[PDB]
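> quick one: initial chain(s) of a complex, as found there:
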Amino acid sequence: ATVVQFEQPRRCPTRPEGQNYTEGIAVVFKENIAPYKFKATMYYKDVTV
C-alpha cells in the first residue's frame, strides 16, 4: 500500500561568469576654492601736516 521513493539529484547553481574591468589612468579634479593670486606694486606718498 504505502510506497515511497528517493529524490533524484538537483541542478546546482552555475558559478556566475564574473565582472569585466577596464584598465585605465585617471586624474580626479575638484572645485577650486583658492583665490587667483598675482603680485603687484603700489606707489603712493604719505603726507602729514
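Perfect, I can see it now. Residues are numbered from 1 along each chain as shown, chains lettered A, B, ... in the order given.
> going forward, measure contacts between C-alpha atoms and count neighbours the same way
OK.
> measure stretch A:33-42 end to end?
26 Å (Cα to Cα, to the nearest Å).
> what number of residues lie near residue A:36?
Using other Cα atoms under 10 Å, residue A:36 has 6 other residues around it.
> that one and residue A:49, how far apart?
Residue A:36 is 39 Å from residue A:49, by Cα to Cα.
> repeat that for residue A:40.
30 Å.
> cool, and residue A:31?
51 Å.
> and residue A:19, what is it in contact with?
Residues near residue A:19 by Cα atoms under 8 Å, 6 or more residues apart in numbering: none.
> which residues of chain A fall in helices?
Per DSSP state H, chain A has no helices. Nothing in it meets that criterion.
> quick check, central residue of it?
Residue closest to the average C-alpha location in chain A (Cα atoms, centre = their mean): residue A:28, at 9.2 Å.
> buried residues in stretch A:35-43?
By neighbour count with 16 or more other Cα atoms under 10 Å, stretch A:35-43 contains no buried residues.
> and it, how far out from the chain's middle?
Offset of stretch A:35-43 from its chain centre (Cα atoms, centre = their mean, to the nearest Å): 38 Å.
> now for chain B:
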Amino acid sequence: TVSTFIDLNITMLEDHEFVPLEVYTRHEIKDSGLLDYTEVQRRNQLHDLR
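So, slotting chain B in with the rest:
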C-alpha cells in the same frame, strides 16, 4: 585515477591598506577667505618700523 572527492576552493581575503585622504586641507580652507584678517593686520602694523 578517478576521484570520489568534491572540490572546494577558498582563498583568504588579502590585506588592504588605507592611505590618508583629504579633499581639502585646513590650510586651503584658511586660504579660501579672500582676506585673512590676521595677516593683513601684521603687515599693516609694520609701517612705522618699516
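> the neighbour count of residue A:36 again please, this time with chain B.
7 (other Cα atoms under 10 Å in any protein chain shown).
> please apply the same query to residue B:27.
So residue B:27, with other Cα under 10 Å, has 8 neighbours.
> do the same with residue A:33
13.
> and what of residue B:44?
Applying other Cα under 10 Å, we find 10 other residues in the vicinity of residue B:44.
> residue B:37 versus that one, what's the distance?
Taking Cα to Cα, one finds residue B:44 at 11 Å from residue B:37.
> residue B:42: which element?
helix B:37-44 (DSSP states H and E).
> CA atoms only: put that helix into PDB for me.
Extracted in PDB, the C-alpha atoms of helix B:37-44 (Å, rounded to 0.1, in the frame of the first residue of the first chain):
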ATOM      1  CA  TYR B  37      42.400  89.400   8.800                       C
ATOM      2  CA  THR B  38      45.400  88.400  10.900                       C
ATOM      3  CA  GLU B  39      48.000  88.600   8.100                       C
ATOM      4  CA  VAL B  40      46.600  92.000   6.900                       C
ATOM      5  CA  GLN B  41      46.900  93.300  10.500                       C
ATOM      6  CA  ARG B  42      50.500  92.000  10.900                       C
ATOM      7  CA  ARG B  43      51.600  93.500   7.600                       C
ATOM      8  CA  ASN B  44      49.900  96.900   8.200                       C
END
